[PDB]
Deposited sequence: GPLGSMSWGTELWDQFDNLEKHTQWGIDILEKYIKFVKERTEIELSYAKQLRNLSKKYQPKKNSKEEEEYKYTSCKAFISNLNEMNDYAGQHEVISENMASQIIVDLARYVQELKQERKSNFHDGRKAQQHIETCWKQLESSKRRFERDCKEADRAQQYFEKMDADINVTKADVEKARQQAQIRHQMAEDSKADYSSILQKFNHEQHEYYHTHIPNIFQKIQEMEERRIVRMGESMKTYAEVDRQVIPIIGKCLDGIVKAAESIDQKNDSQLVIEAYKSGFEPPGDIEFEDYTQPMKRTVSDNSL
């Protein structure tokens, strides 16, 4: 089972199918394109968020933990964004490049197809024209023969008149014969050229088209798996961010914070004791 054999007469449909093929890959490329844009956007948003709440006090573990949340988020955003501007974006580039050569490769392959038809159709025109010639030359010969037969049967015509008629019949006859050989020769060429068409040129060309399409299919799949491996790299960095966060929260210390508050305001003064009795007597 090959398109060059089983689909020998499916030029127009294969042309349509292959275009369709390019269309969905084109559409697939848009999909990942928009997805990447959404990720890049998401990242800018997290980064901007972390900046928005950063300080425009710091001694307290409560705040330090907050600054770590922010910093950790900032790094995650940046880490995430880098993966997108570098790897995600590269896959798209290669895919766009690929689609460009596919289109050419496609235009090319069908051209060879279009050309091999143009050629075979030209040998036919030749063969048809050669056959019409043989045809008419034969109608000419038959006609001339009948005339001679007529003259030859006519008792009231001369041998001179008969002769001219015999000469005319035989010349027409020879021409028919020359025309038969030309047609016979051309029918032979056509039959060879036709066989070459169906059992060589169409097969060769349609196989290139088939191989072409199967690669197109495989490429799309490979790009899908590749892109997923890229997407699968956020897990290691997401994990790292969240771990960083947990640790920040776990370093909070309400007790030391209260100790800082004492060192921040302790005045060194002692509460007043009992008041003295002033005896004015």
Legend entry - Non-modelled portions of the deposited polymer sequence, in sequence order: 1 to 5, 62 to 68, 294 to 305
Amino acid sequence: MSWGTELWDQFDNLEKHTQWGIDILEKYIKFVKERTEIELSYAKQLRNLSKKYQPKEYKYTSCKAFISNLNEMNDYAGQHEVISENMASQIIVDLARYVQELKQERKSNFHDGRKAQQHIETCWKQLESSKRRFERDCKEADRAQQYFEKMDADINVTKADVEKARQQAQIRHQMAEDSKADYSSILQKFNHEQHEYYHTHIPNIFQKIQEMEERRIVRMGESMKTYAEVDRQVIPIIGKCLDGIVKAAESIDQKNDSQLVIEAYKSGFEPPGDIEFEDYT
From here on, numbers count along this sequence of modelled residues.
Legend entry - Mean C-alpha B-factor comparison - 147 to 155 and 117 to 125, higher one: 117 to 125
Legend entry - Mean C-alpha temperature factor, higher of 192 to 200 and 78 to 86: 192 to 200
Legend entry - Of the residues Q168, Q210, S184, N71, the one carrying the largest Cα B-factor as recorded: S184
Legend entry - Among modelled residues of the same chain, the CA temperature factor third for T61: lowest
Legend entry - CA B-factor ranking of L242, expressed as a third of its chain: middle
Inset, instruction - Within this chain's modelled residues, let me know which third the CA B factor of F11 belongs to: lowest, middle or highest. - result: highest
Inset, instruction - Place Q254 in the lowest, middle or highest third of its chain's C-alpha B-factors, as listed in the PDB entry. - result: highest
Legend entry - Modelled-residue ranking by C-alpha temperature factor, third containing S108: middle
